[PDB]
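Participant: In order, the protein sequences belong to chains F and B.
Those letters in the first sequence? Residues 16 to 931, 948 to 1126, 1134 to 1375, by the UniProt record's numbering.
Those letters in the second sequence? Residues 90 to 166, 214 to 235, 243 to 613, by the UniProt record's numbering.
Just so it is clear, CB atoms sit at the ideal spot from N, CA and C, and this is done for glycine as well.
Pasting a structure here, questions to come.
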Amino acid sequence: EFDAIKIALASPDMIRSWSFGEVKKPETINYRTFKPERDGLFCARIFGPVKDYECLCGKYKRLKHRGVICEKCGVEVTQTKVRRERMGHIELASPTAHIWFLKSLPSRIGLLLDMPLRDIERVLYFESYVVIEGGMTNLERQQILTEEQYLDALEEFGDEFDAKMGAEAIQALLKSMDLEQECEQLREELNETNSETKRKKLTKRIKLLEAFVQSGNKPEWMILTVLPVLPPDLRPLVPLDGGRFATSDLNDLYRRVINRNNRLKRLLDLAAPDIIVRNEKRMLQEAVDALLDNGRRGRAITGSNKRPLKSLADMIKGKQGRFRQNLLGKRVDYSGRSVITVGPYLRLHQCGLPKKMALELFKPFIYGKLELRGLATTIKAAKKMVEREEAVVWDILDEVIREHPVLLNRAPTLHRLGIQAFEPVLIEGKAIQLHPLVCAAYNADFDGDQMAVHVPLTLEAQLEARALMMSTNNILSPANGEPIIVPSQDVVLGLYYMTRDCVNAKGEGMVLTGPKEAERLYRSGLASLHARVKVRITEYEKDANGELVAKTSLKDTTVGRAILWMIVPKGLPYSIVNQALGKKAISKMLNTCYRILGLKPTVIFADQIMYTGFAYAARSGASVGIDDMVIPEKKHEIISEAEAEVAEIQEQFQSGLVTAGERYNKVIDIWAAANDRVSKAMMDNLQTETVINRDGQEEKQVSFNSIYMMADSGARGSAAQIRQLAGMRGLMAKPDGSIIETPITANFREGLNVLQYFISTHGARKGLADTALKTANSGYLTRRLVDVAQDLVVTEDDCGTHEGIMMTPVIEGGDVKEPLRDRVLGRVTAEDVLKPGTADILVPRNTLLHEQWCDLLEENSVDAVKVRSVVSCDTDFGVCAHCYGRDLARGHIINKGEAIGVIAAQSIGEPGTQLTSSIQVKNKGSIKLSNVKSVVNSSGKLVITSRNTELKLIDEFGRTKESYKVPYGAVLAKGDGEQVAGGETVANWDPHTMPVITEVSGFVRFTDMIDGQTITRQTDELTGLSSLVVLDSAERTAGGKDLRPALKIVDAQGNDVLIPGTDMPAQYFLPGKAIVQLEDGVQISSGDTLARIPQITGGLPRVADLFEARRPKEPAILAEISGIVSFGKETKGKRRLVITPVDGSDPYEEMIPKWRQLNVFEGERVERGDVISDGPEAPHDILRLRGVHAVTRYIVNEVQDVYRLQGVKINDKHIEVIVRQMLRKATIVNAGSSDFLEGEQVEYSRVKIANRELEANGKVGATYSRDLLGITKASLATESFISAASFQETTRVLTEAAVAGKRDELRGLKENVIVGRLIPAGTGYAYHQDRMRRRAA
Amino acid sequence: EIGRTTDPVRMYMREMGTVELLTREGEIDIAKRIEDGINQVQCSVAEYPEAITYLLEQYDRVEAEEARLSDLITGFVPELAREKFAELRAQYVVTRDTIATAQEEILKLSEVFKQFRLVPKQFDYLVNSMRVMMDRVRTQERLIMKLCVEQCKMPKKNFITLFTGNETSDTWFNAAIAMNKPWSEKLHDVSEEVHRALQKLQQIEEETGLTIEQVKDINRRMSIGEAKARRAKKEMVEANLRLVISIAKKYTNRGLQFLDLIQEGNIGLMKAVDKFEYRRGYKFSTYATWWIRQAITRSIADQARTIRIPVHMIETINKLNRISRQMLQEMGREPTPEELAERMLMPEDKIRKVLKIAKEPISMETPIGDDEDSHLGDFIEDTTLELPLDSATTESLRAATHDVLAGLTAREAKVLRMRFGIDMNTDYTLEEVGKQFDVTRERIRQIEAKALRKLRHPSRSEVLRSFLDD
Ligand SMILES: [Mg+2]
Ligand SMILES: [Zn+2]
Ligand SMILES: [Zn+2]
């Protein structure tokens, strides 16, 4: 019926055409029979009838008289639902300005009229006069005069001078303004003048005025003359039960406005004095402003008793506004909720449902079935039978609920798996049963949790719920390609107990012909559950081309494992059930069985595993007792030794040998060592405490303790819990944040005292508060992340691009924390891979790297494969399937139409509640260096004169195992390609002071320095070395500020020493506080010391700042372009950074603070994007200097490092999608041929397509620079104003929309949800495509 | 100090305090100035004969049983009034019959008219009739000046000299054309409009019975008097704004805003100024307080409630509340509504109705504790909707009655559909149906009774019988 929405500002004529009448009286009802009064806020003749086809006076009360208006009262005879869409108007007696356009964050009227907001408010407040059309009176067009000045001007001239005051004057000025003349004058000023601020202001003014001219709005329409009235029903006056009434605040605001307008009309008729007229006008302005937006201009008007009134803007805005509370989410029918239970007998695709809940839900279906079967003659009879609950309604319900799925949802929906579909099973009771396997996905427990039930209604909804939301259809997590239905506690414990051999048991060394007779021997009581026996087994292998090959052999296994072999599907080797079978082993087995067989065997195997684990756990019957906590016999001795050491340290402190801080450090270190010793001793005593003897002397095996098994099967508990149960719990933390020097020496088995309990209460309360706040922060972060990438949908199949992202393993200077298999599996390669030896062609370019390809790459030991990404996709308004890769929730490739942005945001935001000098080589390798300007010194060490040198360790496979940053002028023992051994020091340096060594040899002479002017003469008291300390600019005098100490190496002939390979002299201008090691008259050598210059938040605010693109507090200065450096003259500051290129000009200059240390020397050539200072790096500068790849790599690396430190595994595809969404806007440098401004900021896709069209034609394209914005800024800057208004700043968004006259095409998901139609993401993608292809055919 | 504030109360206080209050001598002087201006206006309006003409016409209408004597004269400065009106009529007729004595007899008639205390509405009618006639005269004069000064481009000073005083003849008609200038002899086309304007002026002068300059003199004299009276009244209002505020201070918590109360007090003060008399010797504050408090109380009783309540019922409620409070204070605790009838004079049901009158309505957005941040408006359901079960029962009944009516004969179905409002916009009466079918009313009745009997016969309409839920 429609395809777009248009927003603008309403003219008085249009407002009058909207109105069905005028409202002249504030009367509501007649307090007797509650009839609607005439010409009131609920006037029947204006707003339609009250009852259906009933006249107000009663004359006409039948449908026969529909359409004719009464003559006694005028009330039209029609439906009463027209009272909900009919509006009135009020004729104001004086013009009133609009509060939104006056008090919006940018003063629209103020900057349109080039008048200050303060002055405009002064004129509106009836304080000062304003001149309009001054003429030849020597008065400006916007000059403001006081009362005395206006009187003086009127006395001199009675004509050719017009002055008004207030909204009338503002409207007159707006009408008199000439938009075209203002545009041409501002363009001429832009062309003539040259200033940054003036240019920006004139550009904003020209843009606003050009958009106003393009739109059909008029400047004078911003001042309200006729205002609309809300329909009665939207502000009801219904009688409350008990003879009382309920009313909204809009009725009172309208009453106030009407009464003040009537008073103003009366005063104007009665020729009231000017002061009274002005007071009444001010009251009317205030009343209209408070009606439109209460509390914006001044103090809010209080309501009936205490609370302030609610305005239309208040209803529109807020979390409880229409957009968020009643339009984005809405209460729905056919819903139910109750408490959940386990019901372990259920299958994965079914759940339990109470009979009463299903009878109440499927009432229309039962009615229809009863009518169709002929049991009930009428729907009323069917309802009576259902109320009576006969014996046939239950059969009808069983028939209808046989194959009708339902929806189960938990109140926190963190990710996609918060809502699933199941197949109902009628049960007796009032509690829902939920499958244990989906409990981890649902994040639900059984301590009073509740869940909601939703019934799909239509055929399409039922089929969608069966094919997409079914529990068996989603077993893999969308965040990471891992199973999500793995057993947690009871099944894991049962399988661990089953598959756990013993040294000596019943029937040891028995030869078994099959697991069948193994279970025989188990059940019959003639053999133990776990005894070492020989069993003949047959296994099947898929080595053939889809066929299975059977092989039979004798294996060494146990009875438990042989019995468990029955449920394994006939596709897996026997080695996957011949271990302890913990939780990780169970998950790996499930994943292997999935990836090898398919889906149905996976779910069947999972159900069989859960059944067997439950049964065998119940058969074992493990318990917990007070004797399970075994106390070591050395705890007291260790405590005594620790106390003796503490006493000795206290005596030493009392002797004055050590300070308080050193004493505290020693005490805490001793206590930590004692705690570690106690924990290690108790681990050793508990882990192998079970000792037995088989047919001989004695032997030791793993312990049989119940708590040890519980902690070693990964079901529950951990090392920290065991330490807190059977040993001291360590050091606590005072409320200040430090650590108390006295630890807690008592465990939970023994009795803690009041002091230790009171100490632990602090940590318990801190933990509870942190847990309370983490959820509140994560909700906001998740909402902000979802709202920025909700419009991203896969729309193409292959964009045909050649770009990609270079993927390498993560090395931090030690052990690899991210193998290359994880970062490459599931991605498509951007370029064809070659052989490791660069001899033959490897896997082709456009292949999908599955597990087989990954295994082949691992076997071949490929160093680094490059892959495509979504940030380099060429698809406009979406991404292609090939660039995205594959959906890491199903085995196949990503389908077309999927709204990947929502999945990415949900996966990123779900684990948010979980978040709070000498190089020593590790392993043998070959020393490798990259970008090193090394030279041989006089001692043989390979000194390095480059600040971009990375130390790398390459093994004989050709893989990188180590990565270190080498400081400048560092001593290196080895070289490049020299074989070394593990644990060998190769590099040494002084971190407390960087060297100023030179790369050339010769003489050092003293030129351009005077003792006292720039240097001081100081003698060391201890060492006695004579050195000349260089004073900085502030320490020295003003005369010597232009004479920097210049040290230059000269040879024996007196000339400057030429650097090998070049001829530029190497002179170094020492900065302040530069201690010179050697004086004049002593020859030096290359690589020798000459001068010495002295030199992380937790949680996820780092993640929040990274996603919001917040600039660092102390950004690192970077080099704009490559070239030499030419220090600048102090200009009320430290230095001027001027970089001279090889041949280009050097207009660039920077303001360097004097409190920041600098690294570059006088004659050092810098590169583009190279660092000049030290500190946090700014992402905007990173982008501007190194493209988009560097900044997306930096963001991905930072977020992955934070999540890995927190222990959460998330794929980087989501991060990449978020970065792409954040990298959507771009500014214009200069327009080649297409109309564009020099600083306008538009969408990147628009300029891209415009440039493609220009290049296809004979014209010349333009140039642009990519811009980086935060998530909220990108969400606010959206082509569709509806989505922007739904998120935040509704008043500002609506004001800007109205002013610009913007047109909104739906073209999205949130807009289609708001309007109430099919979204173009799932099944509606094809409908939307068909609609687009039909339109403009 | 022109700004740095947002509340209009401060700005109103500043504007009010910019002026200084009066004293007894200043009040006497302003009253004397008002009296002088009123006397000048009265003389100016009595000096015209059309006032006497309207007086005689109104008296004749009163005597013709078309009005009353109440709105004729506001007392005197009723046989005496009748004889004075007869004397005035005789004076007017001798004035119209004495066209050099006309001026003196008009002056005497004006004096006798001023000796009569007429009605303010009559005086306003005389004033606006004078305004209408002078507006017509000035419109004719501006047309005259536009036809030659702004059309013939004839000289300013010459126009003034030859137009000041005559305003009736062709002094400005032929001179502006036949003065041998190149731009003078080109508007004989508008000479016709000049003649038409002259004829209009002559007709107006004949209707008025007097000259034009005297009319203009009276007009600007009464304008000066009105301006003086307005200035004096404005001074009085600006002086007594302080008293208005002081009186309005005490009603600030009765459901009305302070600014509204002070505006109503200002209106009441203006009304009191319009009727103040200084000859009694009392100060102005005593007379103004009654009017100000009456206006404030009337405004409070009128526009301080969502549902309007009449003034008499508001007074009854206030009296009941005052009694109840007095009886509670005297006796010790809350009394009973039955016992209030003994103290007052009521039939014991009016008090019950007054008590049963609903108080101010509860706000829709009021909160109830936390309630997951929900207000009172989230728990009110619409009662005007029909159930889907009811709609389906209605559809089923319509289908069943259609099926039952298909079985009957075509004529029976047609006559039934005509008698009852079935499948048509409206039903038809038995007589119109008989007329349409060319069948007598009694035969139609008998056929309807046979149809009803056949429908009451069993083995049919079983679902219709089942359509009862009792
Ligand atoms: Mg729980
Ligand atoms: Zn009517
Ligand atoms: Zn692509």
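Using the rule of at least 16 other Cβ atoms within 10 Å of the residue's Cβ for burial, across every protein chain shown, is residue 567 of chain F buried or exposed?
Facilitator: For the purposes of this step, residue 567 of chain F is identified with residue 552 of the first sequence, where counting begins at 1. Exposed, because fewer than 16 other Cβ atoms sit within 10 Å of the Cβ of residue 567 of chain F.
Participant: Relative to the C-alpha of residue 396 of chain B, which residue among B:567, B:498, B:457 and B:443 is closest?
Facilitator: Along the second sequence, read from residue 1 onward, the residue named residue 396 of chain B stands at position 253. For the residues B:567, B:498, B:457 and B:443, the minimum Cα distance to residue 396 of chain B belongs to B:443.
Participant: Are the C-beta of residue 335 of chain F and some C-beta of chain B separated by less than 8 Å?
Facilitator: Counting from one through the first sequence, the residue named residue 335 of chain F turns up at place 320. True, the Cβ-Cβ gap to chain B drops below 8 Å.
Participant: Counting Cβ pairs, one atom from each stretch, are 3 or more of them under 8 Å apart for the segment 804 to 815 of chain F and the segment 894 to 910 of chain F?
Facilitator: The answer is yes - the segment 894 to 910 of chain F touches the segment 804 to 815 of chain F, with three or more Cβ pairs under 8 Å.
Participant: Which term fits residue 708 of chain F, buried or exposed, when burial requires 16 or more other beta carbons within 10 angstroms of its beta carbon?
Facilitator: Here residue 708 of chain F corresponds to residue number 693 of the first sequence, with the count starting at 1. Residue 708 of chain F is exposed by the Cβ-count criterion.
Participant: Give the single residue among F:746, F:578 and F:880 whose Cα lies nearest to the Cα of residue 842 of chain F.
Facilitator: If you number the first sequence from 1, residue 842 of chain F lands on position 827. Among F:746, F:578 and F:880, the Cα nearest to that of residue 842 of chain F is on F:880.
Participant: In the DSSP assignment, what are the bridge partners of residue 957 of chain F?
Facilitator: For this step, residue 957 of chain F is matched to residue 926 along the first sequence. Looking at the DSSP assignment, residue 957 of chain F forms a beta bridge with F:985 and F:1010.
Participant: If contacts are defined as beta-carbon pairs under 8 Å, then residue 758 of chain F and residue 745 of chain F qualify, I think. What distance do you get, rounded to the angstrom?
Facilitator: Residue 758 of chain F sits at position 743 when you count from the first residue of the first sequence. Residue 745 of chain F sits at position 730 when you count from the first residue of the first sequence. Confirmed, Cβ separation roughly 6 Å.
Participant: For the beta strand (DSSP E) containing residue 105 of chain F, name the first residue and the last one.
Facilitator: In the first sequence, residue 105 of chain F corresponds to position 90, counting from 1. Counting along the chain, the beta strand (DSSP E) containing residue 105 of chain F begins and ends at 102 to 112.
Participant: Ordered along the chain, which non-local residues of its own chain (more than five positions away) have a Cβ less than 7 Å from that of residue 578 of chain F?
Facilitator: Taking the first sequence and counting its residues from 1, one reaches residue 578 of chain F at position 563. Excluding positions up to five away in sequence, the list reads 530, 533, 534 and 537.
Participant: Indicate, with yes or no, if ligand 2 has a heavy atom lying under 7 Å from the CB of residue 334 of chain F.
Facilitator: Translated into the one-based positions of the first sequence, residue 334 of chain F becomes position 319. Checking every heavy atom of ligand 2 against the Cβ of residue 334 of chain F, none is found closer than 7 Å.
Participant: Measuring alpha carbon to alpha carbon, tell me which residue in F:491, F:49, F:255 and F:272 is nearest residue 526 of chain B.
Facilitator: What you label residue 526 of chain B is simply residue 383 of the second sequence in a count that begins at 1. Per the Cα distances, F:255.
Participant: Alpha carbons only, please: which of F:1061, F:123, F:40 and F:323 is nearest the one belonging to residue 222 of chain F?
Facilitator: Counted from its first residue, the first sequence places residue 222 of chain F at position 207. Selected option, being the one with the closest Cα: F:123.
Participant: Taking only the alpha-carbon atoms, compute the straight-line gap between residue 512 of chain F and residue 520 of chain F and give it to the nearest angstrom.
Facilitator: As a first step, residue 512 of chain F is located in the first sequence; it is residue number 497 there, counting from the start. As a first step, residue 520 of chain F is located in the first sequence; it is residue number 505 there, counting from the start. Looking at the two C-alpha atoms, the distance is approximately 15 Å.
Participant: Can you tell me whether residue 1179 of chain F is buried or exposed, with buried defined as 16 or more other CB within 10 angstroms of its CB?
Facilitator: Reading the first sequence from its first residue, position 1141 is the one you call residue 1179 of chain F. With fewer than 16 other Cβ atoms within 10 Å, it is exposed.
Participant: Listed from N- to C-terminal order along the chain, which residues in the segment 94 to 113 of chain B have their beta-carbon within a distance smaller than 8 Å of any beta-carbon of chain F?
Facilitator: Cβ contacts with chain F: 95, 96, 97, 100, 101, 104 and 105.
Participant: Please output, in chain order, the residues near ligand 2 using a CB cut-off of less than 6 Å to any non-hydrogen atom of the ligand.
Facilitator: Checking every Cβ against the heavy atoms of ligand 2 under 6 Å gives F:70, F:71, F:72, F:74, F:85, F:87, F:88 and F:90.
Participant: Pick out whichever of F:1044, F:984, F:307 and F:1088 has its Cα sitting closest to the Cα of residue 1073 of chain F.
Facilitator: In the first sequence, residue 1073 of chain F corresponds to position 1042, counting from 1. Closest option to residue 1073 of chain F, Cα to Cα, is F:1044.
Participant: Mind checking residue 625 of chain F: buried by the 16 CB within 10 Å criterion, or exposed?
Facilitator: Position 610 of the first sequence, counted from the start, is the residue given in the question as residue 625 of chain F. Flag for residue 625 of chain F reads buried.
Participant: Does residue 172 of chain F pass the burial test, meaning 16 or more other C-beta atoms within 10 Å, or should it be called exposed?
Facilitator: One-based indexing of the first sequence puts residue 172 of chain F at position 157. Exposed is the call here.
Participant: Determine the direct distance from the alpha carbon of residue 529 of chain B to that of residue 565 of chain B, and round the result to whole angstroms.
Facilitator: One-based indexing of the second sequence puts residue 565 of chain B at position 422. One-based indexing of the second sequence puts residue 529 of chain B at position 386. Distance between the alpha carbons of residue 565 of chain B and residue 529 of chain B: 21 Å.
Participant: Quick check: the Cα distance between residue 513 of chain B and residue 334 of chain F, rounded to an integer number of angstroms?
Facilitator: Stepping through the second sequence from its first residue, residue 513 of chain B is reached at position 370. Stepping through the first sequence from its first residue, residue 334 of chain F is reached at position 319. Between residue 513 of chain B and residue 334 of chain F, the C-alpha separation is close to 15 Å.
Participant: Could you pull the start and end residues of the alpha helix (DSSP H) that residue 321 of chain B belongs to?
Facilitator: Position 178 of the second sequence, counted from the start, is the residue given in the question as residue 321 of chain B. Element bounds for residue 321 of chain B: n/a, residue is neither H nor E.
Participant: Is the distance from the Cβ of residue 247 of chain F to the Cβ of residue 104 of chain F below 8 Å?
Facilitator: Locating residue 247 of chain F in the first sequence gives position 232, counting from the first residue. Locating residue 104 of chain F in the first sequence gives position 89, counting from the first residue. Not closer than 8 Å, so no.
Participant: Does chain F have any CB closer than 8 Å to the CB of residue 325 of chain B?
Facilitator: On the second sequence, residue 325 of chain B is found 182 positions in, with the first residue counted as 1. By this cut-off, residue 325 of chain B is not an interface position.
Participant: According to a CB-to-CB cut-off of less than 9 Å, which residues of the segment 161 to 191 of chain F neighbour chain B?
Facilitator: Cβ contacts with chain B come from 161.
Participant: Short of 8 Å in beta carbon distance, which residues of its chain neighbour residue 594 of chain B, apart from the five on each side in sequence? Order them along the chain.
Facilitator: On the second sequence, position 451 is the one that residue 594 of chain B refers to. Counting only Cβ-Cβ distances below 8 Å, and skipping sequence neighbours, we find 551, 555, 558 and 559.
Participant: Does the Cβ of residue 1134 of chain F have 16 or more other Cβ atoms within 10 Å, making it buried, or fewer, making it exposed?
Facilitator: Walking along the first sequence from the start, residue 1134 of chain F turns up at place 1096. Per the 10 Å Cβ criterion, exposed.
Participant: Give the residues whose C-beta lies closer than 5 Å to at least one heavy atom of ligand 1, in chain order.
Facilitator: Output, sorted by chain position: F:460, F:462 and F:464.
Participant: Check residue 485 of chain F in the structure and name its three-state DSSP category.
Facilitator: Sequence index remark: in the first sequence, residue 485 of chain F carries index 470 (1-based). DSSP places residue 485 of chain F in strand when its eight states are reduced to three.
Participant: So which residues of chain B does residue 253 of chain F contact, with C-beta pairs closer than 8 Å?
Facilitator: Residue mapping note: residue 253 of chain F aligns to position 238 of the first sequence, counting from 1. Neighbours of residue 253 of chain F on chain B, chain order: 523.
Participant: With DSSP run on the structure shown, which of helix, strand or coil describes residue 1034 of chain F?
Facilitator: Residue numbering aside, residue 1034 of chain F sits at position 1003 when the first sequence is read from its first letter. Note: residue 1034 of chain F maps to strand in three-state DSSP.
Participant: At a threshold of 7 Å, does residue 817 of chain F count as lining ligand 3 (C-beta to nearest heavy atom)?
Facilitator: In the first sequence, the residue the question calls residue 817 of chain F occupies position 802. Incorrect: residue 817 of chain F has no Cβ contact closer than 7 Å to ligand 3.
Participant: Quick check: residue 319 of chain B and residue 297 of chain B, are their CB atoms within less than 8 Å of each other?
Facilitator: Counting from one through the second sequence, the residue named residue 319 of chain B turns up at place 176. Counting from one through the second sequence, the residue named residue 297 of chain B turns up at place 154. Against a cut-off of 8 Å, the Cβ pair of residue 297 of chain B and residue 319 of chain B comes out as a contact.
Participant: Based on Cα-Cα distance, which residue from F:120, F:1299, F:494 and F:883 lies nearest to residue 926 of chain F?
Facilitator: The residue you call residue 926 of chain F lines up with position 911 of the first sequence. Considering only alpha carbons, the answer is F:494.
Participant: If you scan the segment 347 to 435 of chain F from start to end, which runs of the beta strand (DSSP E) of 3 or more residues do you find wholly inside it?
Facilitator: The segment 347 to 435 of chain F contains these whole beta strand (DSSP E) runs: 350 to 356, 365 to 369 and 421 to 424.
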